[PDB]
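Proteins get letters first, then strands, A, B, ... in listed order; numbering begins at 1 in each.
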Amino acid sequence: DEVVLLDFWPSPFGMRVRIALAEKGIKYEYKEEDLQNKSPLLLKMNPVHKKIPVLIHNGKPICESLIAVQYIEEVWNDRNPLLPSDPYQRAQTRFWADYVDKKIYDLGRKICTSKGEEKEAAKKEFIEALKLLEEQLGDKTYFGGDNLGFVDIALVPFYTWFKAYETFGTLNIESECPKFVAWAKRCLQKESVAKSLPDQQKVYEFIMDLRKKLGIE
Amino acid sequence: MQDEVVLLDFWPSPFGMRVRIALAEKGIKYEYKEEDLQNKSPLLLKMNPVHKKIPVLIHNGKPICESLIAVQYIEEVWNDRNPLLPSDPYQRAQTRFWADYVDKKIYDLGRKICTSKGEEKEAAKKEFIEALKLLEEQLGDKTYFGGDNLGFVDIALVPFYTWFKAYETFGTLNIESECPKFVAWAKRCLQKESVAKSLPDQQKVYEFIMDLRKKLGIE
Ligand SMILES: N[C@@H](CCC(=O)N[C@@H](CSCc1ccc([N+](=O)[O-])cc1)C(=O)NCC(=O)O)C(=O)O
Ligand SMILES: N[C@@H](CCC(=O)N[C@@H](CSCc1ccc([N+](=O)[O-])cc1)C(=O)NCC(=O)O)C(=O)O
Ligand SMILES: O=[N+](O)c1ccc(CS)cc1
Ligand SMILES: O=[N+](O)c1ccc(CS)cc1
Ligand SMILES: O=[N+](O)c1ccc(CS)cc1
């Protein structure tokens with residue numbers, strides 16, 4: 001049984017798959033991709049999108065981070081269930097992971113790259129989204145309840161981008177959304193998460209360089 | 001049936017049509033409620049506070065929003081007939097991949113064909129045909145994307161066929177010329193009662209969009 005993950009270290013999408021694999025206790029080979037110089041392997045495995053992450057299981061690719069996490073859930077179904085068994089609860093978990101997928105990366109990218117009114121609107125919507133997510137969390141330890149679940153996996157990687165969001169967006173997420181930050185730190189107490197996520201400083205530095213190389217600031 | 005099943009929808013919505021087909025394929029009698037998107041009902045706003053969009057499937061008073069998530073819910077709840085997804089995890093991942101591709105591409109490219117002008121429109125026409133061709137390649141020689149039976153990708157995609165006269169007329173396209181296998185597939189789908197009963201006529205969607213374009217000052 002071979003498991004390989006094509007990834008790029010600061011990608012929140014790849015981090016999702018890293019976490020799912022670690023949480024299931026699945027040993028795998030991580031392969032770092034240069035997105036400026038995509039490998040023949042990456043191009044062969046994801047011809048449609050040419051993006052990471054790509055999960056390769058016994059030579060067969062699974063593209064799209066959340067689809068890969070669901071695949072992991074369905075194949076390694078012995079322990080640590082990432083989705084609820086009840087259909088309605090499963091639909092809700094999918095709904096919120098979908099919400100994260102649609103909002104967070106894009107709003108964050110606009111925070112880090114856009115300017116003026118687009119930037120302002122992105123900041124506002126970003127905080128609104130975090131607050132909606134806080135509301136959904138309620139007084140649960142994780143979105144998954146007492147254990148990490150699909151939504152936690154979908155969402156917590158974006159925490160690694162928080163210094164970038166706060167610095168370039170002039171936000172103080174800590175004071176606006178303390179429930180959210182406390183939740184993220186709880187996730188970071190889990191080995192599966194800790195070992196999958198780079199530090200906020202490394203990501204901040206990477207994004208700073210990215211901006212400087214895009215002629216932003 | 002003891003269950004209450006209600007669908008909040010807007011008749012020409014490809015997204016709502018997915019849920020209609022899924023319910024019909026399971027043989028579920030449901031209450032359809034037409035929504036005016038310019039005058040959304042209190043029920044719609046209550047059931048989908050996050051997106052305020054249709055379709056919303058309401059099962060025993062609980063809402064399931066997002067069309068593909070609703071189709072999956074229907075599959076998991078009514079799991080003793082006409083399975084809409086494969087059992088093999090890898091095949092399931094591939095079906096999800098292609099449904100996702102449809103979700104990311106088709107509606108927005110079609111919208112641009114129907115409402116854009118100039119270079120944006122020409123670009124959207126090109127990308128649209130390219131996407132249909134990629135999907136055609138995935139279909140291969142199978143009867144449906146799901147194989148011998150209608151599947152998740154068929155449900156995700158066939159509603160867009162109802163917009164084809166609109167795409168062809170507003171975009172100056174001949175999709176059957178470009179993609180004959182695709183069109184033959186869609187027509188096969190439309191021969192199934194579950195699909196036929198769920199989908200409006202192309203002419204009606206065309207008339208609707210023609211009018212909308214006029215209202216928006218598009219031409
Ligand atoms: N929907 C996909 C999204 C994955 C994705 O966006 N992957 C990015 C890397 S993470 C996001 C990202 C992209 C680029 C930079 N960058 O510094 O240039 C940083 C982060 C990618 O491979 N892009 C390749 C390409 O388009 O060429 C999923 O969930 O898996
Ligand atoms: N991702 C969602 C997308 C659903 C969606 O886009 N719903 C639209 C109607 S279908 C797309 C559509 C919109 C408008 C027209 N039209 O002719 O005016 C046609 C089709 C909606 O409720 N819009 C309300 C709003 O945004 O406020 C899903 O898959 O369910
Ligand atoms: O800082 N960013 O979030 C970011 C900047 C530029 C890209 C390349 S499209 C992607 C992400
Ligand atoms: O023709 N269209 O695809 C279309 C036109 C207008 C809207 C709502 S702004 C949505 C879709
Ligand atoms: O063709 N249609 O637009 C359509 C089909 C079926 C229903 C459910 S009564 C509603 C609308």
Is there a side chain to side chain contact (heavy atoms under 4.5 Å, CB included) between B:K165 and B:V205 once you walk through the steps? CA-CA 8 Å; B:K165 177 161 185 177; B:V205 173; over 6 Å; no

Could you give me the CA-CA distance, side-chain angles and deciding distance for A:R94 and A:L83, then say whether side chain to side chain contact (heavy atoms under 4.5 Å, CB included) is met? CA-CA 9 Å; A:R94 287 176 172 142; A:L83 284 81; 4.2 Å; yes

As a quick check of understanding, evaluate side chain to side chain contact (heavy atoms under 4.5 Å, CB included) for B:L190 and B:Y161, giving each step before the final call. CA-CA 9 Å; B:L190 264 296; B:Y161 182 67; 3.9 Å; yes

Take B:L139 and B:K181 through the side chain to side chain contact (heavy atoms under 4.5 Å, CB included) test and state the conclusion after the steps. CA-CA 9 Å; B:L139 176 65; B:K181 262 212 315 105; 4.2 Å; yes

Evaluate the salt bridge (charged side-chain N to carboxylate O under 4.0 Å, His left out) criterion for residues A:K24 and A:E73: first the C-alpha distance (whole Å), next the side-chain angles of each, then the deciding distance (0.1 Å), finally the verdict. CA-CA 8 Å; A:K24 293 286 183 178; A:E73 168 76 352; 3.0 Å; yes

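Distance CE/B:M47 to CG/B:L8: 7.5 Å, rounded to 0.5 Å. From B:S41, atom OG reaches atom CG of B:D36 across 10.0 Å, with rounding to the nearest 0.5 Å. Atom OG of B:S194 is separated from atom CG of B:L199 by 9.5 Å, given to the nearest 0.5 angstrom. Rounding to the nearest 0.5 Å places CD of B:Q138 at 11.5 Å from OG1 of B:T95. Considering CG of B:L37 and OG of B:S13, their distance stands at 8.0 Å, rounded to 0.5 Å. The line from NZ of A:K190 to OG of A:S196 is 13.0 Å long, rounded to the nearest 0.5 Å.
Among all heavy-atom pairs drawn from B:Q94 and A:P61, the shortest one is NE2-O, 3.3 Å. The two residues A:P53 and A:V17 come nearest to each other via the heavy atoms CG-CG2, 3.8 Å. When all heavy atoms of A:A97 and A:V151 are compared, the pair lying nearest together is N-CG2, 3.9 Å. Across all their heavy atoms, B:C189 and B:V158 have their closest contact at CB-CG2, 3.7 Å. Of all heavy-atom pairs between B:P159 and B:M17, the closest is CB-CB, 3.5 Å. What you find for B:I113 and B:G171 is that their closest heavy atoms are CG2-CA, 3.5 Å.
A salt bridge links A:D101 to A:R16: at least one charged side-chain nitrogen sits closer than 4.0 Å to a carboxylate oxygen. Between A:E128 and A:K124 there is a salt bridge, since a side-chain N of the basic residue sits under 4.0 Å from a carboxylate O of the acidic one. Between A:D1 and A:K27 there is no salt bridge, since none of the side-chain N atoms of the basic residue sits less than 4.0 Å from a carboxylate O of the acidic one. Between B:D100 and B:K104 there is a salt bridge, since at least one side-chain N of the basic residue sits less than 4.0 Å from a carboxylate O of the acidic one. Using a cutoff of 4.0 Å between basic side-chain nitrogens and carboxylate oxygens, A:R90 and A:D86 are not scored as salt-bridged. A:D106 and A:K110 are joined by a salt bridge, as a carboxylate oxygen and a charged side-chain nitrogen come within less than 4.0 angstrom of each other. Ion pairing between A:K119 and A:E125 fails under the 4.0 Å rule for side-chain N and carboxylate O. Under a 4.0 Å N-O distance rule, the pair A:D7/A:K31 does not qualify as a salt bridge. A salt bridge between B:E35 and B:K40 is absent, with no side-chain N of the basic residue lying under 4.0 Å from a carboxylate O of the acidic one.
Each of B:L135, B:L150, B:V102 was evaluated against B:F145; a single residue qualifies, B:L135, per the side chain to side chain contact (heavy atoms under 4.5 Å, CB included) test. Considering B:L57, B:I64, B:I155 in turn, B:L57 is the only one that fulfils the side chain to side chain contact (heavy atoms under 4.5 Å, CB included) rule with B:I74. With B:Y107 as the fixed residue, the ring-ring contact (aromatic ring centres under 6.0 Å, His included) test singles out one of B:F15, B:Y101, B:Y167: B:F15. The ring-ring contact (aromatic ring centres under 6.0 Å, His included) test with A:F168 singles out one residue from A:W161, A:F162, A:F126, A:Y204, and that residue is A:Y204.
The closest side-chain heavy-atom distance from B:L157 to B:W98 is not below 4.5 Å. Between B:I175 and B:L132, some side-chain heavy-atom pair lies under the 4.5 Å cut-off. Counting heavy atoms from C-beta on, the side chains of A:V3 and A:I26 come closer than 4.5 Å. Counting heavy atoms from C-beta outward, A:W76 and A:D78 have side chains that approach closer than 4.5 Å. Here the side chains of A:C177 and A:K131 are in contact, with some heavy-atom distance below 4.5 Å. In this structure, A:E118 and A:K123 have side chains that are not in contact, with every pair of non-hydrogen atoms separated by 4.5 Å or more. Taking the side chain as every heavy atom from C-beta outward, A:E2 and A:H57 never approach each other to under 4.5 Å. The side-chain heavy atoms of A:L41 and A:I56, taken from C-beta on, include a pair separated by under 4.5 Å.
Other residues, nucleotides and ligands contribute only 12 or fewer heavy atoms inside 6.0 Å of the CG atom of B:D148. Within 6.0 Å of CD in B:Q191 there are 12 or fewer heavy atoms belonging to other residues, nucleotides or ligands.
Although no hydrogens or angles enter the test, the distance criterion places no donor-acceptor pair under 3.5 Å between the side chain of A:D152 and the main chain of A:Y142. Side-chain atoms of B:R20 do not come within 3.5 Å of backbone N or O of B:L7 as any donor-acceptor pair. Checked by atom type and distance alone, the side chain of A:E166 never pairs as donor or acceptor with a backbone atom of A:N172 at under 3.5 Å. Side chain of B:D201 to main chain of B:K204: no donor-acceptor pair is present (N/O by atom type, distance under 3.5 Å, no hydrogens or angles).
When ring centroids are compared, A:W9 and A:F206 come within the 6.0 Å threshold.
A cation-pi contact, defined as under 6.0 Å to the ring centre and within 45° of the axis, links A:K60 to B:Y90.
For the 3.5 Å distance criterion, the side chains of A:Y30 and A:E32 qualify, holding a donor opposite an acceptor. Donor-acceptor pairing under 3.5 Å is recorded for the side chains of B:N82 and B:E25.
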